[PDB]
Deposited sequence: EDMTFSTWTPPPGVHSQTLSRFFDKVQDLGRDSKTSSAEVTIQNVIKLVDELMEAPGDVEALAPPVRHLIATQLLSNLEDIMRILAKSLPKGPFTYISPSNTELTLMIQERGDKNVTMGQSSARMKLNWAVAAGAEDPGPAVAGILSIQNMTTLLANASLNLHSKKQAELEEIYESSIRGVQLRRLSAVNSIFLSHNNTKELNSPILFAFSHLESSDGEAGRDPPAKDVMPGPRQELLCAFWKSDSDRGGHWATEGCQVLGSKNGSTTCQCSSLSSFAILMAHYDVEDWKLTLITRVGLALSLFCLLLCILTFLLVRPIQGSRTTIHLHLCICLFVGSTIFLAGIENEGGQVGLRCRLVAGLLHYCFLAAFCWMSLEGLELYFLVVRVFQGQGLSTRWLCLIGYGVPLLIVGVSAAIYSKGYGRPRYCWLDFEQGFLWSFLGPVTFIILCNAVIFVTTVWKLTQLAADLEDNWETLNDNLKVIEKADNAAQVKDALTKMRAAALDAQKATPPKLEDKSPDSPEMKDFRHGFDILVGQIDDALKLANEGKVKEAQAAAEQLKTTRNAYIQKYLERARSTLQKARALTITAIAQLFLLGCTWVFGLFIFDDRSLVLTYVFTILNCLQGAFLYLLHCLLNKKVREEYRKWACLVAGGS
């Protein structure tokens, strides 16, 4: 037969088990027969099977060395199959190893017929023109090899993501990717033509790769594979093995695309030919998490609001409409901050029911606190207009307005934009599909109402209540500034605006407690009465 290639380890690599494998490869190639060429190919495949079954000291090597060895082994297997392919007559050649390694070969004359080959692991529909070769005048050579336990060699493999592929993935996930963990599905490991120049195809070729299930039952009787449910943080790879100058080799996905997956199969279309395999690759991505600074600041604001609520609940001299409004505004702020601490973080998952509920209650607590501030302004207006006679406004109407107007707004918005609640990064509203206008509508309308109320109250007072109007205006400004800076903490790469948001929460709690409780004299007298 024709001269066989000498199989050598990669330079600088020492391994006794691999040397034992290559010595048998060389001796078999020395003693191979023309009628045993396809036997020689199967024997080489069985030697690969034994090498997998006896990993030895290969795993003790560096991963880049192991990947380089695996690339060399698959390349040599392609070379020896190509060499002995011309030694075989025309026709298909299909063999299954006792270690369940499938190899398909096919020899036909030159032509442009659409040829669909494959038995179990894969189905390759290719144009036969490229199988003949650009310069080879002999019969066309093409084949597919599938080996199941490259995990012996391809452990902790690396995936090189293309720049535009990274840009698309980060647009999909809306932040950076730490890395990729690779879990393959198929045993397909080699697709080759007659000539070695298969780096580019003038026409894409379709493949139907099936993924074997490692069942412990009788072989050949298993049903077709059940489809794996795709998760949020994972997408399906029609990948190939490409050598690398720095780490031996890596997985790559460019030039290939996914078309569908059913009956235990995945349909891929590729612009080139190489070692193809289907990966079920989970992407490791960091999730936006509140910093310790922000958590401590929110805890301090919660403490201040708790002191406020206890004071407004227990100090009996100060009971009134203003105290009721401050009580309920502090309650809404406390509940909103508690929900923010407990559920703004989305721990690297999809937008579930809990995340959507957290976004809904955050919006409700927002609108309720804002409407209770508006109620405080409205009662100041009513007090000034009636020239301080009184009777206020009943707490039942106050609780209807400040807890039902937000309920109506949130219910309507969640009935229209149910998909706009919760994001994969944080449990807060998403402003796509015109949700920004529908969210700023009620907010800007109540801002306009508050501004009208405050300017009318100031105008009426110009013709102790001016101090209350100033305090209400400053409190509204502080709450609005806190919320506005609470919307830009998620976007910013450098969390310097989170410092401002934390400081604004701290100042909001301190402002409420100082102005409404500490600077109050009846509150202090009640405090010393309790502490006596």
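- According to the record, no C-alpha positions are given for deposited positions 1, 465-580, 650-655, numbered from 1.
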